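In what follows, a single structure is set out as structure tokens and then discussed.
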Amino acid sequence: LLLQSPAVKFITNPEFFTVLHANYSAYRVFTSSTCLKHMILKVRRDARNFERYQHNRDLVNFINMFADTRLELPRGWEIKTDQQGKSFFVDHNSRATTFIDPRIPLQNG
């Protein structure tokens, strides 16, 4: 499940670590964690782990560091927002909701 999600595509992409190192603060979040780094490495080894960790707040916040909110949302996605302005993302294509912004890199192999 979720093997074609933007988050799995990004985390398991050949160039994930290049994109990570190019974002210094994201690099700090990854490098200095224990649990987040462990979860990212588990997903990279076995992508089934992403669905298992999909709503984990630290994983969501980390992947959202890479979101480019200047881009259009991809076809079929909708943003909804909290009274507190927290955004969530509905992929009406797969009828699934996530806190992770689909406008993250490394989506196409």
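Between the range 14-54 and the range 69-87, how far is it from one alpha carbon centroid to the other, in angstrom?
23
Please work out whether the range 1-72 counts as rounded, prolate or oblate from its C-alpha gyration tensor, where a ≥ b ≥ c are the square roots of the eigenvalues and a/c under 1.5 means rounded, while otherwise a/b larger than b/c means prolate and anything else oblate?
rounded
According to a simple spin-label model (label point 7 Å from Cα along Cα-to-Cβ), what is the distance in nm between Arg57 and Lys37?
Rounded to a tenth, the inter-label distance reads 2.2 nm.
Between the helical axis of 35-45 and the dominant principal axis of the chain, each derived from Cα atoms, what acute angle in degrees is found, rounded to the nearest 10?
90
Under 19 Å Cα-Cα from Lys37, which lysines qualify once same-chain neighbours fewer than 8 residues away are excluded?
Candidates past the 8-residue exclusion: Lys9.
By the scheme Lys and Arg +1, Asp and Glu -1, what is the net charge of all other residues having a beta-carbon under 11 Å from that of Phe16?
Net of charged neighbours comes to +1.
In whole percent, what relative contact order does the chain give with Cα contacts below 8 Å and a gap of six or more residues?
Relative contact order for the chain comes out at 31 percent.
Can you tell me which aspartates and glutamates have their Cα less than 19 Å from the Cα of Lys80? Leave out same-chain residues fewer than eight positions away.
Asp68, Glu72, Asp91, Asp101
Can you pull out the trypsin sites (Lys or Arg not before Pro) in the range 79-109 that DSSP calls coil and that have at most 12 other Cβ atoms within 10 Å?
Taking the range 79-109 and a limit of 12 other Cβ atoms within 10 Å, the loop trypsin sites (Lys or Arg not before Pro) found are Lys86, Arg95.
For labels at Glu72 and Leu3 in the simple 7 Å Cα→Cβ model, what's the distance in nm?
Using points 7 Å along Cα→Cβ, the separation is 2.9 nm.
Apply 1/(1 + (r/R0)^6) to the Cβ-Cβ distance of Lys86 and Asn108, taking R0 = 35 Å, and write down the FRET efficiency to the nearest 0.05.
My answer for the efficiency is 0.80.
Each reported figure results from applying straightforward, stated rules to the coordinates on display, with no laboratory input. Here the Cβ is made from the backbone with ideal geometry for all residues, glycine too, and neighbour counts use every protein chain on show.
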